[PDB]
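Just the one chain here, laid out as structure tokens, in the form deposited in one PDB entry.
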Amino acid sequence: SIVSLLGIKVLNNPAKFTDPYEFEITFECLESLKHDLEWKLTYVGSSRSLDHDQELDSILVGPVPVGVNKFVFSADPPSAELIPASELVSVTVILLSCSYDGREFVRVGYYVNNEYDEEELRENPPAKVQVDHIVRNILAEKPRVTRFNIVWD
């Protein structure tokens, strides 16, 4: 496996629901590679009988510098217009993945909790959800990482 994840730091946590995600990603590339890396963030909500996902954002890195690389991936937040109110204030998941030439080789999953920023709203939640008061707390120190064996070059 030519590219490996050496560290992931969530820079802004907790944050407002509407704040972009800021991931400081450190990875190593052992050999020169022909193609691009794609980093992608996906939202997964489970409030329905089946899952409903939101692809949030993605960026390409290419060509891949050989050595140790550090950069910040700033990913757009979820669209609350697509999320039922009960799921806005529940535990959800985000998946941070990297693919090489379209082939996913690492996935970092996080639990995310969403709660109001004031005790009185937490215990007396308003009829209409107030997204401006929702704070998201990523469980960033317990990442659930999956690796996949891929063809490289």
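Only the largest set of C-alpha atoms that superpose within 1.5 Å between the two forms is called the rigid core. Residue positions are given as counts along the sequence shown, with the first one as 1. Shifts are known only where both forms have a C-alpha.
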| property | result |
| --- | --- |
| Mean Cα B-factor comparison, 11-19 or 126-134, giving the higher one as deposited | 126-134 |
| 44-52 versus 92-100 - greater average Cα B-factor per the deposited record | 44-52 |
| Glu38 by Cα B-factor - lowest, middle or highest third of the modelled chain | lowest |
| Assigned third (lowest, middle, highest) for the C-alpha B factor of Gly62 | middle |
| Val112 by Cα B-factor - lowest, middle or highest third of the modelled chain | lowest |
| Where the record places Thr146 (Cα B-factor, split into thirds across the chain) | lowest |
| CA B-factor placement of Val106, once the chain's modelled residues are sorted into thirds | lowest |
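Only in words, not in the display: the form deposited with a partner chain bound, which the text now covers.
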{"query": "Contact label in the deposited bound form: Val72 to the partner chain, heavy atom within 4.5 Å", "finding": "yes"}
{"query": "Interface membership of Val64, the partner chain in the deposited bound form, 4.5 Å heavy atom rule", "finding": "yes"}
{"query": "The partner chain contact at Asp57 in the deposited bound form, heavy atom, 4.5 Å", "finding": "yes"}
{"query": "Heavy atom of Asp36 within 4.5 Å of the partner chain in the deposited bound form", "finding": "yes"}
{"query": "Rigid core superposition between the shown form and the other one: residue from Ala85, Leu30, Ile59, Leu121 with Cα shift of 2 Å or more", "finding": "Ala85"}
{"query": "Exceeds or equals 2 Å, Cα of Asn69 between the shown form and the other one, core fit", "finding": "no"}
{"query": "Note on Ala75-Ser49 C-alpha separation in the deposited bound form, which departs from the shown form by 3 angstroms or more", "finding": "closer"}
{"query": "Residue pair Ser49, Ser79 - Cα distance in the deposited bound form, closer or farther (3 Å or more)", "finding": "closer"}
{"query": "Consecutive stretches, 3 or more residues long, displaced between the shown form and the other one (C-alpha shift of at least 2 Å once the core is aligned)", "finding": "47-52, 85-90"}
